[PDB]
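Asker: Chains as they are written, first to last, in the entry's author numbering: chain Ck, 11 to 25, 37 to 161; chain CZ, 536 to 579; chain Cb, 8 to 239; chain UT, 934 to 1109, 1126 to 1382, 1384 to 1400, 1407 to 1420, 1427 to 1522, 1547 to 1586, 1595 to 1656; chain Cf, 2 to 123, 151 to 202.
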Amino acid sequence: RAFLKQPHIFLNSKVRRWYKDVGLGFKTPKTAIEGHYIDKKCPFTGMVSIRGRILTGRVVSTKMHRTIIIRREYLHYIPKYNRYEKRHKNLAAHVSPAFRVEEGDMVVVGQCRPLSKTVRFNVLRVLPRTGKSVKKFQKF
Amino acid sequence: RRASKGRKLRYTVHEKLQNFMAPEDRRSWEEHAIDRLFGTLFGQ
Amino acid sequence: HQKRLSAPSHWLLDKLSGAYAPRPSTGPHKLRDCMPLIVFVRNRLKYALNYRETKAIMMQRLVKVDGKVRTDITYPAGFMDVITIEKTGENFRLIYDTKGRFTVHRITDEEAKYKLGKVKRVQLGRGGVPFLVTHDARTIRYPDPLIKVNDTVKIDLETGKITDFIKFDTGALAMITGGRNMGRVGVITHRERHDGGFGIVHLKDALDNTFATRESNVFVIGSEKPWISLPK
Amino acid sequence: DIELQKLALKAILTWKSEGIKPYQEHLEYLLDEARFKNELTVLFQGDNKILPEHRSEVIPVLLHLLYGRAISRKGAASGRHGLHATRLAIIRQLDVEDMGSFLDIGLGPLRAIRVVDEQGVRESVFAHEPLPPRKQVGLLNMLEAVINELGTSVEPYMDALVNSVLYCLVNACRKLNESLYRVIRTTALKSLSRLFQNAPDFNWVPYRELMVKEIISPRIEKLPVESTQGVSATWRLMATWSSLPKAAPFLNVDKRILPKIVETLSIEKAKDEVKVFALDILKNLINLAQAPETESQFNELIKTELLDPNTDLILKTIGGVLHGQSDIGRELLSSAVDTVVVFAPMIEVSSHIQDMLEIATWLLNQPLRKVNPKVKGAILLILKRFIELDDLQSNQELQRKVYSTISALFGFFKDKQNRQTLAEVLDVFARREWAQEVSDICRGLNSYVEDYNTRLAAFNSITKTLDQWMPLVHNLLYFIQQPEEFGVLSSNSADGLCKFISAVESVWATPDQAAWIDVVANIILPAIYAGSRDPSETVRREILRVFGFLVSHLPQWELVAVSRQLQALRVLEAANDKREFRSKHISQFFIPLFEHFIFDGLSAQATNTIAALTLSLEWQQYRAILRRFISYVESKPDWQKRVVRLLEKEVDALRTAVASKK
Amino acid sequence: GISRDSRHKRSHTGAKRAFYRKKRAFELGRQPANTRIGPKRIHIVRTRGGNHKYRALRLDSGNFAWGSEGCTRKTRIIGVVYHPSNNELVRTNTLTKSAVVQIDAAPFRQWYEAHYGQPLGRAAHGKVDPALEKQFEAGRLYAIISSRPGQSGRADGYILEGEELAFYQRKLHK
RNA sequence: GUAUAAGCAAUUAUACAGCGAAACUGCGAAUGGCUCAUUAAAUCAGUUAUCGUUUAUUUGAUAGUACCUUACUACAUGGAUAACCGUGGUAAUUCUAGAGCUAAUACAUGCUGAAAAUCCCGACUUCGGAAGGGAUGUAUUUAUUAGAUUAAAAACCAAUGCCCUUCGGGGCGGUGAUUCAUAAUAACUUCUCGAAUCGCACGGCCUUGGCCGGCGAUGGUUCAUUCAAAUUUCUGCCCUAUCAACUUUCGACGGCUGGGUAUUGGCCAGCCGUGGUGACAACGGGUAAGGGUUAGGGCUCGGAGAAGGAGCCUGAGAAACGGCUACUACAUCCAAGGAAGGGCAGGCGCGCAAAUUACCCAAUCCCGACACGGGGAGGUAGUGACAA
């Protein structure tokens, strides 16, 4: 392994840390301000820029190396029944270690450049809720 | 698993790799002196 | 080589010019926001009859567009290009109407001398110099330091310098150049930010119709001050 | 010429010697004009380095060829990357032993030149030219590259380089055709300014008239008027002169040099950096005078010959600078104050110490945007050194004025070492005077700086007289403002303050009824007003203590747990409506305390008390008060219900006020 | 055959797909350049927009940045020390980006004794970390490659100093 | 742009002058349209983004970069070839060999009149205009610094003041965001650009030996803009559980490091972690492959191959199928040594049958050094008892 670094900041001088705000009415967490982890797919540490769509949802599987899957439920209109039906989708998002992670919580994600085959999103805000496992349902 | 891109020797009979070359025995020695040779190396 | 129906609905063609329609050449204005010079000469004004007659007008130095001689036939002239013909002694100006089509306006040299162009972007160019990009793709070096985005500028057109500018304002009357409410001369009375893409303005006409148009599709024309003569 | 160089190298290879034989391929690629910079780092730092056996054979040929490539003007670009980096990339890779032959082919006629003889100046040599003014420029640019690439290793080549640079310099100084001689002069001065701190041990004493003719003749009678804009090459040379210990005896040859150098500081239209540069030249001179046995060879010379007859003009220029203009840069302020810091232990007698003390107390009554607190500690060190000169006995109104400042900076500072040196400047104040009284203040503030047991001992001893009291009051309100080490310090400071105001109410004689009452107004009442906003509850408790003691003991002065708290607030309500109040008291003491009561039925009781007091304060204060409360609305999303209840109570008080004033 | 498309791989739901379309010239990916140590061998590739990128296959020298003092000098390249990705690049001496490689020290040593004057590796502003001083006494420093040699035509970079220097010394010891 | 055609046509000041075949040079052919195993939200549609990318042409701005040991110097810059002229070989058309030329806006180098030039500062000042101080592009790549009032930021914020007063009053770059745009230092490049071009008018100063001078064409670095192309976000396919497990069987999901790409990305390579989807219908199977314009109908838009695999070349844009190479398979000429080449349309498809092998770019449109040259879209005409 190689020494992780913020790509253009001169640490070895004998005479800091770069963190940008994402914007969009958000606040930088204290771990993203001073916490000594280094991750280049972090929108507060690396150079990844959030633009475009802004989504929310509830996590299925937190247990993964910095990537969470969101079950997004919605109500589709079948015209044969003239009715609303539940349809669940699964998104993937890269997780900064700045936030405190929970399972079943409602998490805000944001759209970035493609970071992998699935990963197109980063976490921006986590709402800590007591949401349950796969049996729980709410359109969100 | 951690084995996929050729890391694990997947012993599968390959279809176009099946009948390339005929075995051509080109050995100028008569098979009775050769097995006596491999015995009498540095140990014997 | 598009068909006459696939040509856009705002530079008009009748049942006359064949099934085909000329495409505008690449230039300052866009493709779908465009009036070519052949459609301006022989399909709108009817100073000509045929393509070869339009070529015989264009190739001799008789048609000047934005104060410079434009030779090629399908040169794009979309919005507010003063078109000076000297043998007839006329200068036409391109504006829109309330329905959403191109309109021609005859005028003389005093209003023909300047162009009201909307600023597209302000930046720092090479040499450490601020420069200014309008919708005519005119870049002006060393502008006035308050002329920000979506401000309009009175371009000199004999030197090309800045003469005056109109700021983006809630209370300044404006012209719509896009969208489902296209071509409706009214006053900007409200502006909503919508940060994260595609902000809007709320705009009313002279006679009380409110509607929401995007800040890309707007175009400032003057507070009261009709600096170009909209046709009476 | 590249073609003639190629044919000449072909003839050198026609000379068939085994020293040149393994290097021919490396040689010809240097004349192939596309592969020169790559072939240089193939030749040096390669697997085929030059073998030291036949290094004696290849090096003259190679250095003539590299010299020609460094000369040639054709393929090179413009700017520095054109041919300046080429000369640098040749000389940076050349050895210091080959550099002798390199400068030998460099200096054609100036190889065997002599500038200085047993006498002073060789006018017979100097009234003749061996080189064109076109040709000396490339020579000086090359020697600048040689010196900047060599460094110390010039020491075996001292005897000819200085003759070359001095010859071109004095031919230019005679020729003040302008442009070529001017560039010759400037780049030779840059080369010399590098060469001086290149060579410390070389003997510069056999020529002094050459520096004389380079300095005193064209510039010195106009030098500050010239150098008002930017730093020059003469200044760049005098800088490394002031840095070098054996070169500072070049400034004594003309007596008027340092007068014109501080006259440059005197001229106020200068763009700040020639000022701080002359200031740095003076810093280096005083550091050299303060240096040990190394610089003690010429310490006495610079002491008795340079600074001693011009102390007065130095202090006059620094005084005019510090009192004249309304805009002074922070860099100039810190640097000049540090010069006065280092220059004060060098002067024993002088003339303008009255002025300098008044300057120091002026710069210490200056505000904090103009003067940094680190700069204030340095002007404190200035005070500490300048005070011991026997001056405060005459002009006693100056001495009372500086004592007002020494007292005023006691509650200002937050640093232990600065308070130590504060106690020291008050000590030498006491040694110079009244004397027993200021010595008593000295022992008090001394054991104040002294740790917790000696501090409480100081507090008790002071617990057990106007100019006696004032510094104790300033340091005492500072010791209020400390929240807690154990919490004891603020209580002891409050009890000492109660002792002080008890002494004030003990003195009610009329010509002191003026003075002590003006003091307890101006020092103590805004201190309580500003300490009302202190977030520490024990500090609020002790300010509550001293304010209650003031109201209980004073009254003839004209300008003056949960359930018990609610009860006292209701009594304050009733006391308000029975007697309206003093408006500055209402604005600056009670409202932030009740605000703190809210933000740490207590909240509704507090809003009731603010709704009472809003009738008793004035609308001009109420305007900015209401604006601060809407600022609390927009800035504080944490207690929205509390701030909006407060707002509703205040606008009910507003309608009450307007309905009363109709 | 070497391409950049995603039509051969399985989907996010775990499904393969036929999706047969021919390989196109914007899905073009060319063969890798294992840039090794030798004399200069660079081939110029023209690319989309007519733009040239310089495929360097054998390289000798590059400039390296001793930038805490303010210099960069063109030095040769001795041999690759370690590579974070592969071991075969360490075995066959392949210059890629983020490769720690040892370089010569002579122009840096020359500039140190030329600017400051105190000799090195044989007042107070001239100060050298003693690990880096051991590298100077060896005459062979531990640089790291920051420029892409394959897609620029040069192997340049900055020298290792301090924490990264100690980290890659510990990684060499690993 | 290049004319000495031994090409035509001439005279009133002879290098050239007008027309100008041949040839060199620049542009062009990402399609017009053909065939047939198909593509089942992957294409496609709405809807985003490029702060993740390339862009010939368009039109608009655009480049302060001299000196720096050749001086006992340099100061109308080089060499190739084509066309052409001749001598030929072979059965075999530029399949070509030998010999002799000559041009460039083709390829290529490119210190100089001069003691100055050009940028930033400016003291003194009569608007005087300036003594004298610092300094010497661009493209690539890397490291670093600045990207902006102070950081002892202990500031500014409590102007809730302070002073005067007549008590009325007076005074004290852009973005939502970036390491973005931009500027600078150190170097680096077998690295570019910074006009040795062509046409037309030809005017001021008079050293009558020139010094200056205008309008364009061609070319050039960077940023635009246009025309594009490439990915990319949420939703929307028809049916089916005689399809309940599927992916890891070309890596299946990450994250780190690099490679390659114009750029992001398991896209690919090394290291490890345990995944990803699915009864809310994954996966598999069936093959029968619409959107917008809203009285209405109408109108508009909508994968694989060039005899078969495999590899390569140009260009801004192709994996052109235009060319090449090898293998495979047909097939042609020959003097038997050799040499060039791979489509559709039409008729017959019984021995008995039924719509022109029509004319033009004249309109609308497109491509070029370009008003003229070139276009298998388009329009004009002919047949017709199938009807009407």
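Where a beta carbon is used, it is the ideal one built from N, C-alpha and C, also for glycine.
Give the straight-line distance between the Cα atoms of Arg1349/UT and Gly1084/UT, rounded to the nearest whole angstrom.
Answerer: Counted from its first residue, the fourth sequence places residue 1349/UT at position 400. Counted from its first residue, the fourth sequence places residue 1084/UT at position 151. Each residue's alpha carbon lies about 57 angstroms from the other.
Asker: Does the distance from the CB of residue 271/Cb to the CB of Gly193/Cb come in under 8 angstroms?
Answerer: Nothing about residue 271/Cb can be read from this structure; chain Cb reaches only from 8 to 239.
Asker: Could you have a look at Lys161/Cb and say whether DSSP puts it in helix, strand or coil?
Answerer: Along the third sequence, read from residue 1 onward, the residue named residue 161/Cb stands at position 154. Correct three-state label for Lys161/Cb: strand.
Asker: Cβ closer than 8 angstroms: which chain Cf residues qualify as neighbours of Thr139/Ck?
Answerer: Locating residue 139/Ck in the first sequence gives position 118, counting from the first residue. Here the neighbours are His13.
Asker: Whole angstroms are fine: how far does the CA of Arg1381/UT sit from the CA of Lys1420/UT?
Answerer: Translated into positions along the fourth sequence, residue 1420/UT becomes position 464. Translated into positions along the fourth sequence, residue 1381/UT becomes position 432. Taking the straight line joining both Cα atoms gives about 26 angstroms.
Asker: With a CB to CB cut of under 8 angstroms and the five nearest residues on each side skipped, what residues in its chain are close to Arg1006/UT?
Answerer: By one-based count along the fourth sequence, residue 1006/UT stands at place 73. Here the set comprises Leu1016.
Asker: Alpha carbon to alpha carbon, how far is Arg110/Cf from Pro1322/UT?
Answerer: Start at 1 with the first residue of the fifth sequence, and residue 110/Cf comes out as number 109. Start at 1 with the first residue of the fourth sequence, and residue 1322/UT comes out as number 373. About 43 angstroms.
Asker: DSSP has residue 1593/UT in a bridge; who is on the other side?
Answerer: Any structural detail on residue 1593/UT is unavailable, because chain UT resumes at 1595 straight after 1586.
Asker: Using a beta-carbon distance cut-off of less than 8 angstroms, what residues from the stretch 53-86 of chain Cf approach chain Ck?
Answerer: Those would be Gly68, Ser69 and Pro85, in chain order.
Asker: Strictly below 7 angstroms CB to CB, what residues from chain Cf border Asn1409/UT?
Answerer: Walking along the fourth sequence from the start, residue 1409/UT turns up at place 453. Within chain Cf, no residue comes near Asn1409/UT; the closest Cβ sits about 41 angstroms away, beyond 7 angstroms.
Asker: Cβ closer than 8 angstroms: which chain Ck residues qualify as neighbours of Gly203/Cb?
Answerer: As a working mapping, residue 203/Cb is identified with position 196 in the third sequence. The contacting residues are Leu45 and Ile75.
Asker: According to DSSP, is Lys1333/UT helix, strand or coil?
Answerer: The residue labelled residue 1333/UT in the question sits at position 384 within the fourth sequence. Three-state DSSP puts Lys1333/UT in a helix.
Asker: Distance cutoff 8 angstroms, beta carbons only. Does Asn1233/UT sit that close to anything in chain Cf?
Answerer: Locating residue 1233/UT in the fourth sequence gives position 284, where the first residue counts as 1. No, because no Cβ of chain Cf sits closer than 8 angstroms to the Cβ of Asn1233/UT.
Asker: From this set, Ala1022/UT, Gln1239/UT, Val1079/UT and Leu999/UT, which residue's C-alpha is nearest residue 1658/UT's C-alpha?
Answerer: There is no way to answer for residue 1658/UT, as the model of chain UT reaches only from 934 to 1656.
Asker: May I ask you to verify whether the stretch 1408-1418 of chain UT touches the stretch 1445-1456 of chain UT, counting CB pairs closer than 8 angstroms and requiring at least 3?
Answerer: They touch, by the three-pair rule.
Asker: For the putative contact between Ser1176/UT and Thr1213/UT, defined by C-beta atoms under 8 angstroms, what is the C-beta separation to the nearest angstrom?
Answerer: Counting from 1 along the fourth sequence, the entry for residue 1176/UT is found at position 227. Counting from 1 along the fourth sequence, the entry for residue 1213/UT is found at position 264. Contact holds; Cβ gap of about 6 angstroms.
Asker: For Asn22/Ck and chain Cf, any beta-carbon pair shorter than 8 angstroms?
Answerer: Numbered from its first residue, the first sequence carries residue 22/Ck at position 12. Chain Cf contact via Cβ: present.
Asker: Applying the 10 Å Cβ sphere with the 16-neighbour rule, what's the burial state of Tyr82/Cb?
Answerer: Within the third sequence, numbered from 1, the residue matching residue 82/Cb stands at position 75. Buried, by the Cβ-count rule.
Asker: Please tell me whether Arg1025/UT has its Cβ less than 8 angstroms away from any Cβ of chain Cf.
Answerer: For the purposes of this step, residue 1025/UT is identified with residue 92 of the fourth sequence, where counting begins at 1. True, the Cβ-Cβ gap to chain Cf drops below 8 angstroms.
Asker: Alpha carbon to alpha carbon, how far is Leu1329/UT from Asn1126/UT? Give it in angstroms, no decimals.
Answerer: What you label residue 1126/UT is simply residue 177 of the fourth sequence in a count that begins at 1. What you label residue 1329/UT is simply residue 380 of the fourth sequence in a count that begins at 1. Whole-angstrom Cα-Cα distance: 55 angstroms.
Asker: Roughly how many angstroms lie between the CA atoms of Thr1608/UT and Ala1285/UT, to the nearest whole one?
Answerer: Stepping through the fourth sequence from its first residue, residue 1608/UT is reached at position 614. Stepping through the fourth sequence from its first residue, residue 1285/UT is reached at position 336. Cα-Cα distance, rounded: 51 angstroms.
Asker: Cβ of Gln103/Cf less than 8 angstroms from any chain UT Cβ?
Answerer: In the fifth sequence, counting from the first residue as 1, residue 103/Cf sits at position 102. False, the Cβ-Cβ gap to chain UT never drops below 8 angstroms.
Asker: Within the same chain, show all residues whose beta-carbon is closer than 6 angstroms to that of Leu1271/UT, passing over the 5 residues directly before and after it, in chain order.
Answerer: Locating residue 1271/UT in the fourth sequence gives position 322, counting from the first residue. Hits under 6 angstroms: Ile1308.
Asker: Among the candidates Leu1234/UT, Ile1216/UT, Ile1505/UT and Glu1244/UT, whose CA atom is the shortest distance from the CA of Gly1273/UT?
Answerer: Mapped onto the fourth sequence, residue 1273/UT falls at position 324. Of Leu1234/UT, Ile1216/UT, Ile1505/UT and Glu1244/UT, the residue nearest in Cα terms is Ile1216/UT.
Asker: Mind listing, in chain order, the continuous beta strand (DSSP E) runs of no fewer than 3 residues lying wholly within the stretch 1222-1247 of chain UT?
Answerer: You should have found no qualifying run.
Asker: Whose C-beta lies closer than 6 angstroms to the C-beta of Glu1244/UT among residues of the same chain, with five residues either side of it excluded?
Answerer: Taking the first residue of the fourth sequence as 1, we reach residue 1244/UT at position 295. Cβ neighbours of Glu1244/UT beyond the five flanking positions: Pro1194 and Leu1237.
Asker: Measuring CB atoms only, is the stretch 1090-1101 of chain UT touching the stretch 1036-1043 of chain UT, in the sense that at least three cross pairs come out at less than 8 angstroms?
Answerer: With a cut-off of 8 angstroms, the stretch 1036-1043 of chain UT and the stretch 1090-1101 of chain UT count as touching, because enough Cβ pairs lie within range.
Asker: Hey, does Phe13/Ck have any beta-carbon neighbour from chain Cf nearer than 8 angstroms?
Answerer: Position 3 of the first sequence, counted from the start, is the residue given in the question as residue 13/Ck. Chain Cf contact via Cβ: present.
Asker: Of all the residues that make up the stretch 1600-1611 of chain UT, which are near chain Cf by a beta-carbon distance shorter than 7 angstroms?
Answerer: Residues passing the 7 angstroms Cβ filter: none.
Asker: If I measure Cβ to Cβ from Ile187/Cf and keep anything under 7 angstroms in the same chain, skipping five residues before and after, which residues do I get?
Answerer: Along the fifth sequence, read from residue 1 onward, the residue named residue 187/Cf stands at position 159. So the list reads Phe65, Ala66, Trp67, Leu169 and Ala171, once near-sequence residues are dropped.
Asker: Hey, how far is the Cα of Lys94/Cb from the Cα of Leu56/Cb?
Answerer: For the purposes of this step, residue 94/Cb is taken as the residue at position 87 of the third sequence. For the purposes of this step, residue 56/Cb is taken as the residue at position 49 of the third sequence. Taking the straight line joining both Cα atoms gives about 18 angstroms.
Asker: When the Cα atoms are used, what is the spatial distance from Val1548/UT to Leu112/Ck?
Answerer: To locate residue 1548/UT, count along the fourth sequence from 1; it is residue 562. To locate residue 112/Ck, count along the first sequence from 1; it is residue 91. Looking at the two C-alpha atoms, the distance is approximately 54 angstroms.
Asker: Can you name, in chain order, every residue of its own chain whose Cβ lies under 7 angstroms from the Cβ of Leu1312/UT, other than the five neighbours on each side?
Answerer: Position 363 of the fourth sequence, counted from the first residue, corresponds to residue 1312/UT. Excluding positions up to five away in sequence, the list reads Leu1271, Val1320 and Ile1328.
Asker: Is the stretch 41-58 of chain Ck touching the stretch 97-115 of chain Ck in the sense that three or more CB pairs, one from each, lie closer than 8 angstroms?
Answerer: No, because fewer than three Cβ pairs between the stretch 97-115 of chain Ck and the stretch 41-58 of chain Ck fall closer than 8 angstroms, the two stretches do not touch.
Asker: Please go through the same chain and pick out, in chain order, the residues whose beta-carbon is closer than 6 angstroms to the beta-carbon of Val81/Ck, but skip the five residues on each side of it.
Answerer: Along the first sequence, one-based indexing puts residue 81/Ck at 60. So the list reads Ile90 and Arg92, once near-sequence residues are dropped.
Asker: Within its chain, find whatever has a CB closer than 6 angstroms to the CB of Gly1269/UT; leave out the 5 residues flanking it on each side and keep chain order.
Answerer: On the fourth sequence, residue 1269/UT is found 320 positions in, with the first residue counted as 1. Excluding sequence neighbours, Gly1269/UT sits near nothing in its chain.
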